[PDB]
Amino acid sequence: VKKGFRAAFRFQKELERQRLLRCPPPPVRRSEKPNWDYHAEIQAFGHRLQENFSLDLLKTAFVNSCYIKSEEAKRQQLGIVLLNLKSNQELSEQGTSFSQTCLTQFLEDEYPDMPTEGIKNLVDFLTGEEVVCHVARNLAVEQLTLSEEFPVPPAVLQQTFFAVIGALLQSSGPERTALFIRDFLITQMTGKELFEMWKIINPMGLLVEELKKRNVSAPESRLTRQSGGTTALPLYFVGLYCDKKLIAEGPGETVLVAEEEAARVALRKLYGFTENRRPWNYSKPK
Amino acid sequence: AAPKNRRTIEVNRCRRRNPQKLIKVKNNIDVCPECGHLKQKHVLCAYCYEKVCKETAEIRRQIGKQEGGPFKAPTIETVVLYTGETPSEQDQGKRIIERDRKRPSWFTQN
Amino acid sequence: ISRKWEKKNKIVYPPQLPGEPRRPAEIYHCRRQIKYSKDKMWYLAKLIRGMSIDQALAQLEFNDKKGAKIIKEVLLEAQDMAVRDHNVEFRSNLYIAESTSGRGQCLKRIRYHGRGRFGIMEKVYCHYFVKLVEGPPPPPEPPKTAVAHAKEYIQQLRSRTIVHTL
Amino acid sequence: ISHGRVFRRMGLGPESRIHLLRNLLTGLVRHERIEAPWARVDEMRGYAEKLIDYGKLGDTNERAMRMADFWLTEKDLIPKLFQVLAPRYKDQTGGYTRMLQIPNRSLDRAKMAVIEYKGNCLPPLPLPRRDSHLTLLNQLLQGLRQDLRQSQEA
Amino acid sequence: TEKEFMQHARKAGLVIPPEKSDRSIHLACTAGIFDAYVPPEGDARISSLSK
RNA sequence: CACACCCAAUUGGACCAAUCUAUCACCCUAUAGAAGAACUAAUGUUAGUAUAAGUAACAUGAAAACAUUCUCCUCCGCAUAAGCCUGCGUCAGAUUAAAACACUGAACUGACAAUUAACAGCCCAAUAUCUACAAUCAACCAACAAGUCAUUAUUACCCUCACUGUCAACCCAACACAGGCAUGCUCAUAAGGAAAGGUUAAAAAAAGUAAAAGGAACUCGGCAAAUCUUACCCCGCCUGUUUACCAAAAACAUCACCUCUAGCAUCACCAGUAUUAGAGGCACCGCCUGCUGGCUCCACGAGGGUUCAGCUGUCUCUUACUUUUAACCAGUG
RNA sequence: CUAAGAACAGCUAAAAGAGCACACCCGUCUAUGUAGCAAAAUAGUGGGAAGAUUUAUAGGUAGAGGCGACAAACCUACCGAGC
RNA sequence: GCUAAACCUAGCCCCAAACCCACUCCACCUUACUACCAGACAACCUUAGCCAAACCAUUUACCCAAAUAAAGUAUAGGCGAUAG
Ligand SMILES: [K+]
Ligand SMILES: [K+]
Ligand SMILES: [Mg+2]
Ligand SMILES: [Mg+2]
Ligand SMILES: [Mg+2]
Ligand SMILES: [Mg+2]
Ligand SMILES: [Mg+2]
Ligand SMILES: [Mg+2]
Ligand SMILES: [Mg+2]
Ligand SMILES: [Mg+2]
Ligand SMILES: [Mg+2]
Ligand SMILES: [Mg+2]
Ligand SMILES: [Mg+2]
Ligand SMILES: [Mg+2]
Ligand SMILES: [Mg+2]
Ligand SMILES: [Mg+2]
Ligand SMILES: [Mg+2]
Ligand SMILES: [Mg+2]
Ligand SMILES: [Mg+2]
Ligand SMILES: [Mg+2]
Ligand SMILES: [Mg+2]
Ligand SMILES: [Mg+2]
Ligand SMILES: [Mg+2]
Ligand SMILES: [Mg+2]
Ligand SMILES: [Mg+2]
Ligand SMILES: [Mg+2]
Ligand SMILES: [Mg+2]
Ligand SMILES: [Mg+2]
Ligand SMILES: [Mg+2]
Ligand SMILES: [Mg+2]
Ligand SMILES: [Mg+2]
Ligand SMILES: [Mg+2]
Ligand SMILES: [Mg+2]
Ligand SMILES: [Mg+2]
Ligand SMILES: [Mg+2]
Ligand SMILES: [Mg+2]
Ligand SMILES: [Mg+2]
Ligand SMILES: [Mg+2]
Ligand SMILES: [Zn+2]
């Protein structure tokens with residue numbers, strides 16, 4: 001037994017770290033953890049995003065219907081004044097309707113050749129359950145959200161996120177809130193292809209319909225490049241020819257896959273969603 | 001000759017856990033039709049062989065009480081008899097060995 | 001010394017929800033201070049690893065090693081314990097999940113050599129650990145085939161990028 | 001190189017090999033069923049079969065008496081050979097003994113076997129029995145045999 | 001090389017404490033009922049007949 | 001963009017882990033003081049555990065009713081002495097490593113029991129006084145090395161059988177060690193024992209047996225083995241002695257010879273006296289020689305060489321079989 | 001070295017530090033063994049074996065020494081100077 | 001998860017203070033721990049050496065009764081090492 005407290009104390013802390021790794025504790029809300037003030041954390045929320053939020057409106061944006069129902073049940077167990085808290089259902093409807101129309105406005109102006117179904121999918125993707133939740137969890141939205149179950153379900157988190165837009169829409173107006181959608185939702189399709197967000201089936205069948213609307217004859221698929229046909233690792237470049245004019249060329253391991261990819265390349269050029277398209281203009285409006 | 005270097009555990013595992021060193025699974029095990037205990041196809045049942053030796057020892061103990069000493073082997077056949085039995089027609093002029101016990105079912109009188 | 005394996009049988013789980021699937025029964029049993037080499041014991045524990053409870057007994061019954069009789073006695077008392085204490089419906093349903101040997105407390109004696117020399121002989125002891133899980137033994141992993149090899153190889157050729165550039 | 005060797009190398013030498021088999025043979029005649037290591041039983045089995053052959057020559061044969069005198073250490077068993085074992089196998093021309101394998105002994109896990117003289121008064125061994133003629137495989141072969149014989153007749 | 005296991009504990013009796021002791025075990029409850037009670041047969045029917 | 005931030009020995013600095021103390025501090029800190037104040041290295045010390053390695057090595061004659069019987073060995077056995085000190089008697093044991101085993105498991109633990117004197121040991125009143133003549137069948141004979149056994153007188157004295165040793169599978173060798181161990185009988189046993197755990201019958205290795213034709217052609221050398229065998233030379237006279245654990249000899253000692261010293265007693269020499277004693281050389285004898293030196297020669301030798309004949313696997317030229325080992329299975333390790 | 005004891009078949013021979021040859025003592029040659037059964041042993045082959053023999057018991061000589069048929073041997077398993 | 005790993009006392013060290021112990025019965029210098037017979041036997045005497053002097057040969061510190069100082073001074077010494 002060697003005299004000394006500092007070494008023994010330091011070893012206990014190391015053991016505690018190992019205990020956490022072996023048996024991690026269940027996750028808890030940031031509110032329950034020490035150094036938390038709901039009034040202070042929500043004031044900084046507006047300043048962090050550089051917006052003139054309304055405290056009364058924003059405090060109602062994080063309140064969920066499930067939270068109110070569970071909170072009332074807590075008082076019944078103790079028999080305990082009435083709460084006038086308002087849920088975010090009213091604000092979420094305002095934000096969701098405005099966001100879809102604002103995204104539709106932005107996408108239709110940027111891509112005039114994109115069909116309405118194509119624009120609908122992109123708005124359904126940017127406002128989708130995964131994109132909204134990914135943006136919400138990195139803006140301290142889940143921390144301020146008053147939910148009944150932790151972690152916040154993705155459906156609950158998506159609805160709370162649009163309530164922040166609804167609170168922002170009333171306080172700052174539509175022009176100011178339009179930049180909020182562009183700076184957080186439009187930037188979510190930067191490194192993404194057209195059909196990676198708008199998943200389609202049989203692009204060749206969709207390509208034939210598009211050329212009928214433009215009075216263009218059906219393309220003829222021909223082999224432009226070929227390599228390793230008899231091997232298990234071939235390379236086929238099939239090209240679509242309209243009136244003996246190449247409109248797109250697609251690669252693939254086999255001929256059917258290459259032709260399907262060639263159709264996807266043709267659709268991207270028609271809709272103007274190619275990789276070569278000019279980037280979204282994030283500069284301040286003039 | 002002494003080892004030049006210590007052989008590591010990684011080298012040792014490849015030698016110790018090699019499939020040749022491992023015990024080979026036996027596929028010649030089947031259940032005994034008589035008692036249900038396990039046995040091999042080419043080996044007599046251990047349970048059934050033990051019951052024969054237990055009965056054989058008792059029979060051989062009765063032989064010792066009749067001979068009453070060594071170098072007294074009989075020059076006639078031997079017959080083992082149990083309670084409730086009489087010498088047979090062919091069991092004449094033989095040494096009857098009495099057993100105060102019921103005849104075992106697997107032991108067929110011949 | 002450590003006796004955690006005994007304590008692994010005393011953990012009680014919360015009652016399962018009606019929609020939750022059936023939880024397999026886990027039985028932890030061991031025998032301590034077996035007068036046997038742990039290295040020799042490992043071959044017997046490796047043999048019955050993953051086998052059924054009845055299949056394991058058959059292999060141990062006709063095995064000539066001394067530990068085969070010792071391990072078989074452990075399996076019989078572990079099979080009895082599962083039905084008697086661990087609420088297992090069928091005793092034969094059990095299969096071997098974990099079966100390993102461990103070093104035990106060993107003695108030290110003197111082995112005399114010639115020329116007045118000597119060596120230190122140890123009386124080796126071992127521990128045997130067995131875990132039983134209720135339910136049929138999992139099917140052995142099928143050997144990797146050409147289609148599995150071809151699919152993996154092409155995936156490697158598809159995941160390669162242009163390195164040391166943009 | 002051991003090609004054609006039929007005799008095993010046991011005991012402390014060629015003479016000790018004979019004495020080990022002689023003790024087993026003498027113990028086999030007295031008890032008509034003994035248990036011993038499989039190799040020693042198999043090596044002694046040949047001598048057991050030929051001992052009855054000398055026993056059928058009769059006790060009046062001088063040569064047969066000398067073989068019985070040597071191979072039976074206990075002299076009380078010699079009258080038994082010429083008056084019990086030999087008359088028993090009078091109709092038989094071979095297969096006097098049956099050799100069966102038994103579980104290995106716990107002492108040294110040695111391959112053990114039991115050898116007995118047929119027709120003894122001891123309880124029968126649990127002999128290996130083939131599948132009954134009523135089994136599914138035998139019935140298919142039984143039906144095949146009937147058709148082949150019937151077609152052969154016609 | 002003369003060290004050996006400390007296997008020296010032996011079985012003993014737990015029924016009775018050491019003899020010639022002033023202290024004796026204090027019992028708070030009796031082992032069994034002093035007089036066995038046998039409820040009349042058919043008392044289950046009487047449960048319905050509360051009167 | 002940053003910038004003290006790539007030399008041995010040595011030298012100058014700036015920081016500093018942990019500890020104790022003063023005062024703070026109070027999830028482990030501050031400023032100071034003090035000191036057993038920091039280890040990838042000394043064939044370091046102690047302890048744990050690997051590697052070689054589950055390797056080397058170790059063990060139990062057979063059948064059986066576990067009554068008994070069989071096979072084989074016996075160069076051992078029994079007793080006393082000495083030594084050891086309860087160390088295979090009974091019972092029980094959560095028992096459980098004696099180099100395998102083990103339930104009755106047992107050469108382990110605990111308890112209980114035991115070896116009974118006639119044998120052996122433990123002896124004796126005083127004072128004087130006695131005791132030339134071997135032993136060896138002790139009779140012949142023949143010795144030298146000269147030897148292993150005895151009382152009387154007077155006085156005193158007539159109480160009685162205590163005490164201790166007594167077991168065993170045993171002692172000295174670190175061990176249940178192929179060793180060491182006095183005497184009396186048995187001289188093959190009337191007593192005491194078991195070389196093989198099972199299997200297989202590879203190499204290599206050990207021991208043994210047999211071999212065509214040849215018979216030392218092998219080899220430093222007829223070493224080993226076989227056979228039962230002649231003639232010499234060298235050295236040492238001979239028996240004997242020595243380097244316990246690499247040298248048994250030509251070395252040492254040895255009768256015989258020779259040199260030197262000593263004229264005498266109460267502890268060696270010596271209870272002796274120059275035909276003696278001591279210190280030495282040489283190695284008998286015989287011959288020869290000087291006034292000490294050289295040859296010859298009988299036997300003898302696990303000395304060193306040589307040789308006839310025989311003998312033989314030493315070899316030309318190896319081969320077969322058996323046993324141990326071996327390899328595999330089980331236990332220990 | 002002292003004291004007082006013991007042992008040595010049989011045969012040939014003769015009153016023998018004679019011969020052959022057991023017990024016994026010694027350790028010539030070869031092989032096995034080399035952390036071995038053994039910090040010097042085993043098997044066979046050998047020298048002596050009535051004597052300067054072998055051996056049990058007790059006592060004596062102690063390290064600037066003892067003892068020694070001198071091998072610089074031995075004096076409790078490292079003696080050119082014990083521990 | 002086995003083997004293990006951890007622990008705080010037992011006690012000890014250095015001072016102060018004060019000068020310590022040894023007959024219950026029996027046995028104990030003979031072969032100690034042995035009830036019980038003529039002995040005559042009696043104790044005292046410089047330390048050396050390693051080491052230093054770069055060998056070694058003269059020499060080379062070892063509490064002798066008050067801490068300090070005189071003083072490492074007078075002296076001693078192969079007038080060297082060193083001692084005092
Ligand atoms: K000689
Ligand atoms: K010097
Ligand atoms: Mg020794
Ligand atoms: Mg063969
Ligand atoms: Mg710079
Ligand atoms: Mg500090
Ligand atoms: Mg230090
Ligand atoms: Mg360290
Ligand atoms: Mg070190
Ligand atoms: Mg090896
Ligand atoms: Mg071996
Ligand atoms: Mg044996
Ligand atoms: Mg007497
Ligand atoms: Mg006997
Ligand atoms: Mg063998
Ligand atoms: Mg063997
Ligand atoms: Mg020849
Ligand atoms: Mg030659
Ligand atoms: Mg020779
Ligand atoms: Mg001589
Ligand atoms: Mg002479
Ligand atoms: Mg001589
Ligand atoms: Mg020598
Ligand atoms: Mg000598
Ligand atoms: Mg020699
Ligand atoms: Mg001389
Ligand atoms: Mg020559
Ligand atoms: Mg010749
Ligand atoms: Mg041949
Ligand atoms: Mg093995
Ligand atoms: Mg003589
Ligand atoms: Mg002689
Ligand atoms: Mg001498
Ligand atoms: Mg000399
Ligand atoms: Mg010299
Ligand atoms: Mg010595
Ligand atoms: Mg000096
Ligand atoms: Mg010098
Ligand atoms: Zn059966």
# chains A, B, ... in the order shown; residues from 1 in each chain; ligands from 1

call {"tool": "residues_near_ligand", "arguments": {"ligand": "ligand 15", "cutoff": "12 Å", "atoms": "only C-alpha atoms (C1' of nucleotides) and all ligand atoms", "output": "list in words"}}
result
residues 8, 9, 10, 11, 12, 13, 14, 16, 17, 39 and 40 of chain D; 195, 196, 197, 198, 199, 200, 201, 323, 324, 325 and 326 of chain F

call {"tool": "residues_near_ligand", "arguments": {"ligand": "ligand 24", "cutoff": "12 Å", "atoms": "only C-alpha atoms (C1' of nucleotides) and all ligand atoms", "output": "list in words"}}
result
residues 241, 242, 243, 244, 245 and 248 of chain F; 25, 26, 27, 71, 73 and 74 of chain G

call {"tool": "residues_near_ligand", "arguments": {"ligand": "ligand 1", "cutoff": "12 Å", "atoms": "only C-alpha atoms (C1' of nucleotides) and all ligand atoms", "output": "list in words"}}
result
residues 235, 236, 248, 249, 250, 251, 300, 301, 302, 303 and 304 of chain F; 28 and 47 of chain G

call {"tool": "write_last_selection", "arguments": {"atoms": "N, CA and C atoms (P, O5', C5', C4', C3', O3' and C1' of nucleotides)", "output": "PDB file, in the first residue's frame"}}
result
ATOM      1  P     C F 235      65.062 -51.932 -21.245  1.00  0.00           P
ATOM      2  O5'   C F 235      63.929 -51.506 -20.211  1.00  0.00           O
ATOM      3  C5'   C F 235      63.419 -50.182 -20.204  1.00  0.00           C
ATOM      4  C4'   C F 235      62.207 -50.056 -19.316  1.00  0.00           C
ATOM      5  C3'   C F 235      62.354 -50.585 -17.901  1.00  0.00           C
ATOM      6  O3'   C F 235      63.059 -49.709 -17.041  1.00  0.00           O
ATOM      7  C1'   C F 235      60.312 -51.337 -18.804  1.00  0.00           C
ATOM      8  P     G F 236      64.006 -50.311 -15.892  1.00  0.00           P
ATOM      9  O5'   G F 236      62.982 -50.832 -14.790  1.00  0.00           O
ATOM     10  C5'   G F 236      62.067 -49.939 -14.176  1.00  0.00           C
ATOM     11  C4'   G F 236      60.979 -50.672 -13.436  1.00  0.00           C
ATOM     12  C3'   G F 236      61.429 -51.712 -12.426  1.00  0.00           C
ATOM     13  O3'   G F 236      61.867 -51.150 -11.203  1.00  0.00           O
ATOM     14  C1'   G F 236      59.683 -52.601 -13.733  1.00  0.00           C
ATOM     15  P     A F 248      44.564 -45.436 -14.968  1.00  0.00           P
ATOM     16  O5'   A F 248      45.792 -46.126 -14.231  1.00  0.00           O
ATOM     17  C5'   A F 248      46.809 -46.799 -14.966  1.00  0.00           C
ATOM     18  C4'   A F 248      47.413 -47.921 -14.161  1.00  0.00           C
ATOM     19  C3'   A F 248      46.536 -49.159 -14.026  1.00  0.00           C
ATOM     20  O3'   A F 248      47.368 -50.306 -13.862  1.00  0.00           O
ATOM     21  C1'   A F 248      46.852 -48.185 -11.897  1.00  0.00           C
ATOM     22  P     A F 249      47.950 -51.071 -15.148  1.00  0.00           P
ATOM     23  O5'   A F 249      49.269 -50.260 -15.521  1.00  0.00           O
ATOM     24  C5'   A F 249      50.339 -50.119 -14.597  1.00  0.00           C
ATOM     25  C4'   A F 249      51.379 -49.160 -15.118  1.00  0.00           C
ATOM     26  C3'   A F 249      52.666 -49.052 -14.316  1.00  0.00           C
ATOM     27  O3'   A F 249      53.579 -50.100 -14.593  1.00  0.00           O
ATOM     28  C1'   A F 249      51.880 -46.888 -14.845  1.00  0.00           C
ATOM     29  P     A F 250      54.513 -50.691 -13.427  1.00  0.00           P
ATOM     30  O5'   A F 250      55.893 -49.915 -13.601  1.00  0.00           O
ATOM     31  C5'   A F 250      56.648 -50.044 -14.800  1.00  0.00           C
ATOM     32  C4'   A F 250      57.769 -49.036 -14.890  1.00  0.00           C
ATOM     33  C3'   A F 250      57.484 -47.678 -14.260  1.00  0.00           C
ATOM     34  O3'   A F 250      58.707 -47.107 -13.790  1.00  0.00           O
ATOM     35  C1'   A F 250      57.821 -47.410 -16.583  1.00  0.00           C
ATOM     36  P     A F 251      59.074 -47.148 -12.227  1.00  0.00           P
ATOM     37  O5'   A F 251      59.358 -45.627 -11.847  1.00  0.00           O
ATOM     38  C5'   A F 251      58.737 -44.561 -12.549  1.00  0.00           C
ATOM     39  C4'   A F 251      57.870 -43.735 -11.634  1.00  0.00           C
ATOM     40  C3'   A F 251      57.916 -44.119 -10.162  1.00  0.00           C
ATOM     41  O3'   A F 251      59.005 -43.521  -9.479  1.00  0.00           O
ATOM     42  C1'   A F 251      55.664 -43.936 -10.861  1.00  0.00           C
ATOM     43  P     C F 300      55.221 -66.863 -14.339  1.00  0.00           P
ATOM     44  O5'   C F 300      54.780 -65.463 -13.724  1.00  0.00           O
ATOM     45  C5'   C F 300      54.485 -65.338 -12.341  1.00  0.00           C
ATOM     46  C4'   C F 300      54.601 -63.910 -11.878  1.00  0.00           C
ATOM     47  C3'   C F 300      53.883 -62.877 -12.727  1.00  0.00           C
ATOM     48  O3'   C F 300      52.490 -62.822 -12.481  1.00  0.00           O
ATOM     49  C1'   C F 300      56.056 -62.107 -12.232  1.00  0.00           C
ATOM     50  P     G F 301      51.485 -62.464 -13.680  1.00  0.00           P
ATOM     51  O5'   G F 301      51.734 -60.914 -13.933  1.00  0.00           O
ATOM     52  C5'   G F 301      51.534 -59.961 -12.893  1.00  0.00           C
ATOM     53  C4'   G F 301      51.400 -58.563 -13.440  1.00  0.00           C
ATOM     54  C3'   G F 301      50.476 -58.427 -14.647  1.00  0.00           C
ATOM     55  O3'   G F 301      49.791 -57.179 -14.580  1.00  0.00           O
ATOM     56  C1'   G F 301      52.644 -57.683 -15.224  1.00  0.00           C
ATOM     57  P     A F 302      48.462 -57.042 -13.689  1.00  0.00           P
ATOM     58  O5'   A F 302      47.298 -56.846 -14.756  1.00  0.00           O
ATOM     59  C5'   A F 302      47.211 -57.654 -15.921  1.00  0.00           C
ATOM     60  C4'   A F 302      46.247 -57.045 -16.903  1.00  0.00           C
ATOM     61  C3'   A F 302      46.615 -55.644 -17.375  1.00  0.00           C
ATOM     62  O3'   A F 302      47.482 -55.652 -18.495  1.00  0.00           O
ATOM     63  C1'   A F 302      44.400 -55.636 -16.566  1.00  0.00           C
ATOM     64  P     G F 303      49.072 -55.539 -18.295  1.00  0.00           P
ATOM     65  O5'   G F 303      49.433 -54.107 -18.884  1.00  0.00           O
ATOM     66  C5'   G F 303      49.125 -52.924 -18.162  1.00  0.00           C
ATOM     67  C4'   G F 303      50.233 -51.912 -18.284  1.00  0.00           C
ATOM     68  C3'   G F 303      50.691 -51.609 -19.700  1.00  0.00           C
ATOM     69  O3'   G F 303      49.858 -50.670 -20.358  1.00  0.00           O
ATOM     70  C1'   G F 303      52.574 -52.027 -18.346  1.00  0.00           C
ATOM     71  P     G F 304      49.326 -50.961 -21.846  1.00  0.00           P
ATOM     72  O5'   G F 304      50.581 -50.638 -22.767  1.00  0.00           O
ATOM     73  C5'   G F 304      51.157 -49.342 -22.783  1.00  0.00           C
ATOM     74  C4'   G F 304      52.424 -49.321 -23.597  1.00  0.00           C
ATOM     75  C3'   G F 304      52.342 -49.989 -24.960  1.00  0.00           C
ATOM     76  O3'   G F 304      51.758 -49.162 -25.951  1.00  0.00           O
ATOM     77  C1'   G F 304      54.269 -50.745 -23.840  1.00  0.00           C
TER      78        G F 304
ATOM     79  P     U G  28      41.183 -48.907 -13.257  1.00  0.00           P
ATOM     80  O5'   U G  28      41.737 -50.153 -14.077  1.00  0.00           O
ATOM     81  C5'   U G  28      42.888 -50.044 -14.899  1.00  0.00           C
ATOM     82  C4'   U G  28      42.847 -51.047 -16.023  1.00  0.00           C
ATOM     83  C3'   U G  28      41.920 -50.705 -17.177  1.00  0.00           C
ATOM     84  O3'   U G  28      42.507 -49.807 -18.101  1.00  0.00           O
ATOM     85  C1'   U G  28      41.559 -52.944 -16.517  1.00  0.00           C
ATOM     86  P     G G  47      42.353 -61.333 -14.475  1.00  0.00           P
ATOM     87  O5'   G G  47      42.922 -60.437 -13.290  1.00  0.00           O
ATOM     88  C5'   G G  47      44.040 -59.586 -13.490  1.00  0.00           C
ATOM     89  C4'   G G  47      44.353 -58.793 -12.248  1.00  0.00           C
ATOM     90  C3'   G G  47      44.316 -59.570 -10.942  1.00  0.00           C
ATOM     91  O3'   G G  47      45.499 -60.308 -10.691  1.00  0.00           O
ATOM     92  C1'   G G  47      43.063 -57.599 -10.693  1.00  0.00           C
TER      93        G G  47
END

call {"tool": "interface_residues", "arguments": {"of": "chain F", "to": "chain C", "cutoff": "8 Å", "atoms": "only C-alpha atoms (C1' of nucleotides)", "output": "number ranges by chain"}}
result
F: 54, 99, 174-175, 330, 333

call {"tool": "write_last_selection", "arguments": {"atoms": "N, CA and C atoms (P, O5', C5', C4', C3', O3' and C1' of nucleotides)", "output": "PDB file, in the first residue's frame"}}
result
ATOM      1  P     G F  54       2.213 -28.044 -27.346  1.00  0.00           P
ATOM      2  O5'   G F  54       0.978 -28.726 -26.606  1.00  0.00           O
ATOM      3  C5'   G F  54       0.770 -30.136 -26.665  1.00  0.00           C
ATOM      4  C4'   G F  54       1.702 -30.882 -25.742  1.00  0.00           C
ATOM      5  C3'   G F  54       1.416 -32.377 -25.589  1.00  0.00           C
ATOM      6  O3'   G F  54       2.650 -33.068 -25.394  1.00  0.00           O
ATOM      7  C1'   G F  54       1.307 -31.347 -23.482  1.00  0.00           C
ATOM      8  P     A F  99       5.846 -42.324  -5.533  1.00  0.00           P
ATOM      9  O5'   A F  99       5.852 -41.189  -6.653  1.00  0.00           O
ATOM     10  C5'   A F  99       5.260 -41.413  -7.931  1.00  0.00           C
ATOM     11  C4'   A F  99       4.690 -40.142  -8.511  1.00  0.00           C
ATOM     12  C3'   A F  99       4.032 -40.290  -9.881  1.00  0.00           C
ATOM     13  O3'   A F  99       2.946 -39.372  -9.990  1.00  0.00           O
ATOM     14  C1'   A F  99       5.842 -38.778 -10.033  1.00  0.00           C
ATOM     15  P     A F 174      21.173 -36.586  -1.829  1.00  0.00           P
ATOM     16  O5'   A F 174      19.849 -36.788  -0.965  1.00  0.00           O
ATOM     17  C5'   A F 174      19.683 -36.133   0.284  1.00  0.00           C
ATOM     18  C4'   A F 174      18.547 -35.145   0.234  1.00  0.00           C
ATOM     19  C3'   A F 174      17.225 -35.687  -0.288  1.00  0.00           C
ATOM     20  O3'   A F 174      16.473 -36.355   0.708  1.00  0.00           O
ATOM     21  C1'   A F 174      17.735 -33.660  -1.388  1.00  0.00           C
ATOM     22  P     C F 175      16.022 -37.882   0.495  1.00  0.00           P
ATOM     23  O5'   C F 175      15.014 -37.817  -0.735  1.00  0.00           O
ATOM     24  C5'   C F 175      13.749 -37.175  -0.613  1.00  0.00           C
ATOM     25  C4'   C F 175      12.711 -37.809  -1.508  1.00  0.00           C
ATOM     26  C3'   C F 175      12.562 -39.321  -1.357  1.00  0.00           C
ATOM     27  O3'   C F 175      11.200 -39.690  -1.561  1.00  0.00           O
ATOM     28  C1'   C F 175      13.191 -38.807  -3.579  1.00  0.00           C
ATOM     29  P     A F 330      -5.939 -39.879 -26.431  1.00  0.00           P
ATOM     30  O5'   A F 330      -5.914 -40.546 -24.987  1.00  0.00           O
ATOM     31  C5'   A F 330      -7.074 -41.167 -24.455  1.00  0.00           C
ATOM     32  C4'   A F 330      -6.809 -41.788 -23.106  1.00  0.00           C
ATOM     33  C3'   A F 330      -6.065 -40.927 -22.100  1.00  0.00           C
ATOM     34  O3'   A F 330      -6.888 -39.967 -21.467  1.00  0.00           O
ATOM     35  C1'   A F 330      -5.136 -43.091 -22.116  1.00  0.00           C
ATOM     36  P     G F 333      -0.208 -33.407 -13.630  1.00  0.00           P
ATOM     37  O5'   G F 333       1.229 -33.052 -14.214  1.00  0.00           O
ATOM     38  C5'   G F 333       2.401 -33.295 -13.451  1.00  0.00           C
ATOM     39  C4'   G F 333       3.618 -33.431 -14.330  1.00  0.00           C
ATOM     40  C3'   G F 333       3.930 -32.246 -15.226  1.00  0.00           C
ATOM     41  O3'   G F 333       4.591 -31.199 -14.541  1.00  0.00           O
ATOM     42  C1'   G F 333       4.074 -34.234 -16.484  1.00  0.00           C
TER      43        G F 333
END

call {"tool": "atom_distance", "arguments": {"atom1": "atom 1 (Mg, counted along the ligand's line) of ligand 27", "atom2": "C1' of residue 226 (chain F)"}}
result
21.1 Å

call {"tool": "interface_residues", "arguments": {"of": "chain A", "to": "chain H", "cutoff": "12 Å", "atoms": "only C-alpha atoms (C1' of nucleotides)", "output": "PyMOL selection string"}}
result
chain A and resi 1-3+8

call {"tool": "residues_around", "arguments": {"residues": "region 219-231 of chain A", "least_positions_apart": "3", "cutoff": "7 Å", "atoms": "only C-alpha atoms (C1' of nucleotides)", "output": "list in words"}}
result
residues 234, 235, 236, 237, 238, 239, 240, 241 and 242 of chain A

call {"tool": "write_last_selection", "arguments": {"atoms": "N, CA and C atoms", "output": "compact mmCIF listing (two decimals), in the first residue's frame"}}
result
# COMPACT_ATOMS: atom_id res chain seq x y z
N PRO A 234 -17.70 -6.29 -68.40
CA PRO A 234 -17.82 -5.55 -69.65
C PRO A 234 -18.07 -4.06 -69.41
N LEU A 235 -17.91 -3.29 -70.48
CA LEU A 235 -18.25 -1.87 -70.47
C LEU A 235 -18.98 -1.54 -71.76
N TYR A 236 -20.21 -1.07 -71.63
CA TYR A 236 -21.04 -0.71 -72.78
C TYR A 236 -21.41 0.76 -72.69
N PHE A 237 -21.23 1.48 -73.80
CA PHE A 237 -21.67 2.86 -73.94
C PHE A 237 -22.73 2.89 -75.03
N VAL A 238 -23.99 2.94 -74.62
CA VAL A 238 -25.12 2.97 -75.54
C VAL A 238 -25.58 4.41 -75.69
N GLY A 239 -25.79 4.85 -76.93
CA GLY A 239 -26.21 6.21 -77.19
C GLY A 239 -27.60 6.31 -77.78
N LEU A 240 -28.33 7.35 -77.40
CA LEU A 240 -29.67 7.59 -77.91
C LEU A 240 -29.59 8.57 -79.07
N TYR A 241 -30.08 8.16 -80.24
CA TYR A 241 -29.99 8.95 -81.46
C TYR A 241 -31.38 9.36 -81.90
N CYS A 242 -31.64 10.67 -81.91
CA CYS A 242 -32.87 11.23 -82.45
C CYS A 242 -32.55 11.88 -83.79
